[PDB]
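We begin with a single chain expressed as structure tokens, specifically the form deposited in one PDB entry.
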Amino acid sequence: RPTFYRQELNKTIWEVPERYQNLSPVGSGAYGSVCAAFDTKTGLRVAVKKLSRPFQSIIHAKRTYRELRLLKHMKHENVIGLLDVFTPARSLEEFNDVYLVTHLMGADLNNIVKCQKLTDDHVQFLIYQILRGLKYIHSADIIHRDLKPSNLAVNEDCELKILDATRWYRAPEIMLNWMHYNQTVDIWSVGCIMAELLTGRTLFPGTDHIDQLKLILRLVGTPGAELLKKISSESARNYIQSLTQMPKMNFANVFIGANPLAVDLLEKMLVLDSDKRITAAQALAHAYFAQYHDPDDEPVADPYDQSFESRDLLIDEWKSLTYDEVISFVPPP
């Protein structure tokens, strides 16, 4: 129904509704390539992502369905969402390309830090938005698992969105391949991010996988008696006992000059035991965010049906389910 036009971008033929003008490449990768554009219907600058080989295999097809289901479900100011999704195909039989459209963001978190301290007012506002979006994501029973400055976009008014080395911000239970980690692995990442904003430097800049765990234990101490009781691995538990004990450090002496409320929040985020970590909802009520907290405007998500993750289907079945989601899409107001 919309009039499409073809154009040569990256190494391939983009077919795109005429409402999107001035297509200009921004990136590339195994799973897709992205162009910046201008949406003449809305007047917004947008990013258009063309999925790469979306139905080449069963794995690609399930990936394409997962990515579209996820981005269609996210409707929150501090999480990336869909402005549009389209295909040049007029029927399922000729359905072979998928394009996703989102609001163009000018920079990520690295771009605003630049190895410099942010003010406490600024960190308050940025971490509040991350936690606000995290509360929404976690309420849908989703775990992000890869929170880091490059996965956090910010515009010129400092409005932040969570996007779709990484080990610097990874929770220690992931580093040790524990099977049953919970949502507070993301809270660990936010603690690492917040520390970096206040100090201007990476909190745990490990040079490899084992060095990363070494730096973490030097700050938060060796596992306590109560945490060792919950470790099922006999090899892990034995190795931990053989280590020289290290005292949990006093964050107030580590982050000198910081807001004491900021230090108290970091203490509650960077706990080794993930069962004792503050949740996103609890962190929003912390006194550190007094000037931004509003419990009437920190919404949760609708329930998100993730049962498809357990399913093994054929290429054409994932493709047809993906086609259903393209057709049923409703643009936001």
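Here the rigid core means the biggest group of C-alpha atoms that line up within 1.5 Å when the two forms are laid on top of each other. So that there is no doubt, residue numbering starts at 1 and follows the sequence shown.
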Worksheet item: Is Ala301 unresolved, in the sense of carrying no coordinates, in at least a third of the other compared entries?
Response: no
Worksheet item: Do at least a third of the other compared PDB entries leave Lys114 without coordinates?
Response: yes
Worksheet item: Hey, how big is the hole between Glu159 and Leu160 in terms of deposited residues without coordinates: none, 1 to 3, 4 to 9, or 10 or more?
Response: none
Worksheet, complete the sentence: Once average C-alpha B-factors are taken from the entry for 138 to 146 and 86 to 94, the winner is 86 to 94
Discussion item. Averaging CA B factors per stretch from the PDB record, which one is higher: 257 to 265 or 241 to 249?
Written reply: 241 to 249
Worksheet item: Per the coordinate record, which of the options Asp186, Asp121, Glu226, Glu196 holds the highest CA temperature factor?
Response: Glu226
Worksheet item: Which one of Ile112, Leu203, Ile127, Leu163 shows the biggest C-alpha B-factor in the PDB entry?
Response: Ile112
Worksheet item: If you rank the chain by CA B-factor, which third does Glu77 end up in: lowest, middle or highest?
Response: lowest
Worksheet item: Can you tell me which third, lowest, middle or highest, the CA B-factor of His103 falls into for its chain?
Response: middle
Worksheet entry | Position of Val190 among the chain's modelled residues by C-alpha B-factor, lowest, middle or highest third | lowest
Practice prompt. Name the third of the chain's ranked CA B-factors that contains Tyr31, choosing lowest, middle or highest.
Written response: highest
Worksheet item: Thinking about Cα B factors across the chain, which third does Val16 belong to?
Response: middle
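There is another form of this protein, the form deposited in another entry, and it is not shown here; the text below is about that form.
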Worksheet, complete the sentence: A Cα shift of 2 Å or more between the shown form and the other one, after fitting the rigid core, is seen among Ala89, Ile174, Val254, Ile143 only at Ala89
Practice prompt. Please say whether, between the shown form and the other one, the C-alpha of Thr119 moves by 2 Å or more once the core is aligned.
Written response: no
Item to complete: Could you check whether the CA atom of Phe289 moves 2 Å or more between the shown form and the other one, using the rigid core for the fit?
Response: no
Worksheet item: Fitting the rigid core first, would the Cα of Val300 be found 2 Å or more away between the shown form and the other one?
Response: no
